[PDB]
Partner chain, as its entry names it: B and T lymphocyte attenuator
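One chain follows as structure tokens, the form deposited without the partner chain.
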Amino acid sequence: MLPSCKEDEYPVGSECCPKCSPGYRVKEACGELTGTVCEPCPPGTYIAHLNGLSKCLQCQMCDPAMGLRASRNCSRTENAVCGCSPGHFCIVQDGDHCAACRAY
């Protein structure tokens, strides 16, 4: 009942178009003759939700110089999770994750 698109849709001026699935970003907006054209997030990026954006979100880096290993790798639909490399322990915890590890 509102001047607003459904949750599974996004606005392109006065139109509502269908969203890309997780893992995908908008290459071309929907029109009369075309559906929303979506491409796979570029390597390094993810989106976890339906979206109507043309860029993907930046994937977490787990820098081995900080004593980090990718605990979950980064996929097109999920962010990387970092843990300590084996034989390293956590030296700084930022909320629910470790930002650096030391050898021991």
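Under this definition, the rigid core comprises the largest set of C-alpha atoms superposing within 1.5 Å between the forms. Positions refer to the first chain, counted from 1.
Below: the form solved in complex with the partner chain, not depicted.
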property	result
One residue of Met61, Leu57, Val37, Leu53 in contact with the partner chain, assessed in the deposited complex (non-hydrogen atom, 4.5 angstroms)	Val37
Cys30: touches the partner chain in the deposited complex, heavy atom cutoff 4.5 angstroms	yes
The partner chain contact in the deposited complex: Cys16, any heavy atom under 4.5 Å	yes
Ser21: touches the partner chain in the deposited complex, heavy atom cutoff 4.5 angstroms	yes
Is_shifted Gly13 between the shown form and the other one (CA, 2 Å cut-off, rigid core)	no
Threshold 2 Å Cα movement between the shown form and the other one for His88, core superposed	yes
